[PDB]
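Q: Let me see the structure of the following:
(chains A and B, ligands or ions: 2)
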Number of protein chains: 2
Amino acid sequence: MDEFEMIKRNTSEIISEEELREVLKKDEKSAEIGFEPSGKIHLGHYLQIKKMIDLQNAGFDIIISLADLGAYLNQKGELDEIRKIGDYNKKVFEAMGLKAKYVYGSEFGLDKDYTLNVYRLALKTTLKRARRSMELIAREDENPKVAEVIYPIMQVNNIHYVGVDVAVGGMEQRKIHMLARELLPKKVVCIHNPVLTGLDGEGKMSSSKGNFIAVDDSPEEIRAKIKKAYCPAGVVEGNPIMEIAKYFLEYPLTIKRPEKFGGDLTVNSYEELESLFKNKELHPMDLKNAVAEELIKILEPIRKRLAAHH
Amino acid sequence: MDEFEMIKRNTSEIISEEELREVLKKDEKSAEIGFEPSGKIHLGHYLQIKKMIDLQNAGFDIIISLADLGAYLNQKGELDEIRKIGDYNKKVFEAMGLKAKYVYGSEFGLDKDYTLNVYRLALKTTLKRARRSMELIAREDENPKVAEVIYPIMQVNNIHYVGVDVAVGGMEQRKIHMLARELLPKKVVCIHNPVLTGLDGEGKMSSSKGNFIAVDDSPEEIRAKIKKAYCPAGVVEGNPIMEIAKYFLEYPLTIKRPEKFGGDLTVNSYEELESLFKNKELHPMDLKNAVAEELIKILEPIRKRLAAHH
Ligand SMILES: COc1cc(C[C@H](N)C(=O)O)ccc1O
Ligand SMILES: COc1cc(C[C@H](N)C(=O)O)ccc1O
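A: Numbers count the residues shown, from 1 in each chain, chains lettered A, B, ... in the order given. Ligands and ions are numbered 1, 2, ... in the order given. Sharing the structure here:
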């Protein structure tokens, strides 16, 4: 499979594919993704970094925006604190094997020319468009504040200043990205990654207790949290354990099982694993045990790189 | 009458009087007023500059904010053009005898620290409060834009940065000023001037054709526009000619009249003039003629100062 199909793999959508094909033909091309600094870096984050690595292998220069200013506008706390967490996030992304440049929103996002462009875009953006674009991004406040409508314009302006040909993010960014394609002279090609279900089975993976696997979780934590995850027998839809098997695991894979309903089950691919689970041949307990052990191996290099840093 | 009563004269309200009395007791005190640059400087503007002169005579240091950035957010055009009109406004205010310092919103209003404070205030201001505060200031748009809710926060931030003890403006600024008293550590004392009715008798004085007397209008223009102004016999309420007689004219004043229903009418004060007009003893024609001639004399020094500048 060529660069395109590799990039397309495990994405929810590309806006547009035709535009990506044109981007691919360029000698120099860049792709950016922005993250509001987060106290835990979890598989939701890793899934997107994995896509940036794909883009990088396809000859893209990668920029990671550490969106401190954005987090500040999205009520995440004081800049000083947000920036501190941004510093930690940078180390984690680096530990994930990603070769990228890292830019803080505040690096450029408080400059005169940048700010003037925020106001210029604000002249162009309806309150209605701005508010809708934040539906999947903010909490929906009782009486929403002005900061909420400044956020999307600032994200659009960051996309402009970073200058990437491609913008990558989760499906929840799609309204901001579509706004960016209407407001900016250069239409960015948007690559959206699927939303990874939280371990609770209730909404996306997030820093809520027990709801996430952090890339630097210890093995006991990974086992404990995977053990208690939502994972009904025979149920694939909204099953976060199956999603993890789909997006992170390597195949062929052997699932260790004892003798009763055993033994070691060889699975050639995710699709084989899917059939076996839906038919209740593979029970949730064995599935979880194997995903926990594979995840430990998968995440091990990241955790040890981080620990070895003093 | 003391400084307080002089300052209070011809104002619509002071928020609050008790706070003004305290301000007055200070050795050094400042008062600011902001104007979006305007192509014509008219009696609506002059009425407020007259109040700044009063404040100045009472020992206040005066700051005039030329609100270019604000005008830009209020859709008045491009910064370059707005700033050009700002330069002309500065000359007119100077020609009005006012001793003040002049600051453009963009002088400080694009600095990092200033901008960070805009975002900080935006975190504090509901979209609902922001929008209401702009009701008497913006056009009420079909689908309002984000810029409209950035405007009031920027005006509040300017008040903070300029640092005046008093903020002066028209009654239409009252919601922004009240917001400034909630959002800033130092509560500014707000002095609001009445809204001067336009010559058309339909809403405030404004740059619409025939609706204003510009401080630098030639005498023929002043006579023509006063002649066709709204001015029903015996009607004082909403009569822009009576308002002009109230706010700009000097008394005692002699109204020139011919022999039939004559002759020269001596008026000791605005109140005398009011009674005579309501009782239809003074007809609109004689009233307009005298206001036109007095206005020509009143505005003459301003026009000639401006013309003498090359
Ligand atoms: C506003 O700044 C950004 C925010 C984000 C975060 C994203 N909107 C999210 O909440 O997932 C990404 C890139 C940005 O430039
Ligand atoms: C937003 O900037 C300002 C605007 C104005 C203009 C005022 N709001 C008006 O429209 O009359 C005054 C002072 C300011 O600092």
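Q: contacts and neighbour counts: CA atoms only from here.
A: OK.
Q: Name the secondary structure element that contains the residue of the stretch 51-200 of chain A found nearest ligand 2.
A: In the stretch 51-200 of chain A, the residue found nearest to ligand 2 is residue A:119; the distance is 12.5 Å by CA to the nearest ligand atom. Using DSSP states H and E, residue A:119 maps to helix A:112-122.
Q: Determine the set of other helices and strands touching that helix.
A: Applying 3 or more CA pairs under 8 Å, 6 or more residues apart in numbering or on different chains; DSSP states H and E, we find helix A:112-122 packed against helix A:147-162.
Q: so where do the strands sit in chain A?
A: Assignment of strands within chain A using DSSP state E yields the ranges A:13-15, A:29-35, A:60-66, A:101-104, A:166-170, A:189-193, A:253-255, A:265-267.
Q: Which of the residues in the last one are classified as buried?
A: Buried positions in strand A:265-267, judged by neighbour count with 16 or more other CA atoms under 10 Å in any protein chain shown: residue A:267.
Q: Setting the sequence-adjacent residues aside, check what's closest to residue A:109.
A: residue A:115 (6.9 Å; CA to CA, 6 or more residues apart in numbering or on different chains).
Q: Sorry, slip of the keys, the one I care about is residue A:194.
A: Nearest to residue A:194 is residue A:12, by CA to CA, 6+ apart, at 5.2 Å.
Q: Contact partners for the residue nearest to residue A:109?
A: Shown in contact with residue A:115 (CA atoms under 8 Å, 6 or more residues apart in numbering or on different chains): A:109, B:110, B:115.
Q: again, but for residue A:12
A: Here residue A:12 is in contact with A:171, A:191, A:192, A:193, A:194 (CA under 8 Å, 6+ apart).
Q: ok, now with 10 Å
A: By CA atoms under 10 Å, 6 or more residues apart in numbering or on different chains, residue A:12 lies in contact with A:170, A:171, A:191, A:192, A:193, A:194, A:195.
Q: Could you check how far it is from ligand 2?
A: Noted for residue A:12: a distance of 43 Å to ligand 2, by CA to the nearest ligand atom, to the nearest Å.
Q: Any chance of TSV for the strands of chain A, columns distance to residue B:127?
A: Formatted as TSV, those follow (distance: least, CA to CA, whole Å):
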stretch	distance to residue B:127
strand A:13-15	32
strand A:29-35	26
strand A:60-66	27
strand A:101-104	27
strand A:166-170	27
strand A:189-193	30
strand A:253-255	54
strand A:265-267	55
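Q: Turn those into TSV, columns for distance to chain B.
A: Shown next, in TSV, are the strands of chain A (distance: least, CA to the nearest CA, whole Å):
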stretch	distance to chain B
strand A:13-15	26
strand A:29-35	19
strand A:60-66	17
strand A:101-104	15
strand A:166-170	24
strand A:189-193	24
strand A:253-255	50
strand A:265-267	52
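Q: which stretch among those strands comes nearest ligand 1?
A: Evaluated over those, closeness to ligand 1 peaks at strand A:29-35, with 3.3 Å, by CA to the nearest ligand atom.
Q: Would you quantify the distance from residue A:40 to ligand 1?
A: 14 Å.
Q: you'd agree that residue is up against residue A:211?
A: No: Residue A:40 is not in contact with residue A:211 according to CA atoms under 10 Å; the separation is 11.3 Å.
Q: Neighbour count: those two, which is higher?
A: Using other CA atoms under 10 Å in any protein chain shown as the criterion, residue A:40 and residue A:211 rank with residue A:211 on top: 23 against 20.
Q: Got the phi and psi for the more buried one?
A: Backbone dihedrals for residue A:211, given as degrees, to the nearest 10, come out at phi -90, psi -10.
Q: which one of the contacts of residue A:12 is nearest residue B:261?
A: The closest of those to residue B:261 turns out to be residue A:171 (CA to CA; 82.2 Å).
Q: Could you pull up the residues touching the closest one?
A: Applying CA under 10 Å, 6+ apart to residue A:171 gives the contacts A:11, A:12, A:13, A:136, A:177, A:191, A:192, A:193, A:194, A:195.
Q: on that earlier part again, which one (most neighbours) among the contacts of residue A:12?
A: In those, the most neighbours by other CA under 10 Å go to residue A:191, 27 neighbours.
Q: Would you mind listing what in the stretch 101-250 of chain A touches chain B?
A: A:106, A:109-116, A:118-131, A:141-151, A:153 (CA under 10 Å from any CA of the partner chain).
Q: go with 7 Å
A: A:110-112, A:115, A:119, A:122-127, A:143-147, A:149 (CA under 7 Å from any CA of the partner chain).
Q: okay, now residue A:102: neighbour count?
A: Applying other CA under 10 Å, I find that residue A:102 has 17 neighbouring residues.
Q: actually residue A:215, not the one I typed
A: Count around residue A:215 with other CA under 10 Å applied: 25.
Q: And it, how close does it get to residue B:90?
A: 61 Å (CA to CA, to the nearest Å).
Q: Which parts of chain A are helices?
A: A:3-8, A:17-24, A:43-57, A:68-73, A:79-95, A:105-108, A:112-122, A:127-133, A:147-162, A:174-183, A:219-227, A:240-247, A:270-278, A:284-307 (DSSP state H).
Q: May I see the ones you listed arranged in a markdown table, with distance to residue B:269 as well?
A: Formatted as a markdown table, the helices of chain A follow (distance: least, CA to CA, whole Å):
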| stretch | distance to residue B:269 |
| --- | --- |
| helix A:3-8 | 84 |
| helix A:17-24 | 77 |
| helix A:43-57 | 77 |
| helix A:68-73 | 57 |
| helix A:79-95 | 61 |
| helix A:105-108 | 61 |
| helix A:112-122 | 50 |
| helix A:127-133 | 51 |
| helix A:147-162 | 53 |
| helix A:174-183 | 59 |
| helix A:219-227 | 87 |
| helix A:240-247 | 85 |
| helix A:270-278 | 95 |
| helix A:284-307 | 85 |
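Q: Looking at the ones you listed, spot the one closest to residue A:258.
A: Closest among the helices of chain A, using CA to CA: helix A:284-307, at 9.4 Å.
Q: So what's the residue count around the closest residue to residue A:121 other than its chain neighbours?
A: Leaving aside its chain neighbours, residue A:121 sits nearest to residue A:153 (6.6 Å; criterion: CA to CA, 6+ apart). Per other CA under 10 Å, the neighbour tally for residue A:153 reads 27.
Q: Looks like residue A:153 contacts residue A:118 (just checking).
A: Yes: using CA atoms under 7 Å, residue A:153 is in contact with residue A:118, at 6.3 Å.
Q: What are the buried residues along stretch A:234-246?
A: By neighbour count on 16+ other CA under 10 Å, the buried set for stretch A:234-246 is A:234, A:236, A:238, A:239, A:240, A:241, A:242, A:243, A:244, A:245, A:246.
Q: Quick check, the second one in contact with residue A:245.
A: The reference is to residue A:236. No: contact criterion CA under 7 Å: residue A:236 and residue A:245 do not qualify, at 10.8 Å.
Q: what's residue A:58 sitting at in phi/psi?
A: The phi/psi pair for residue A:58 (degrees, to the nearest 10) is phi -90, psi 10.
Q: This completes my enquiry, with thanks.
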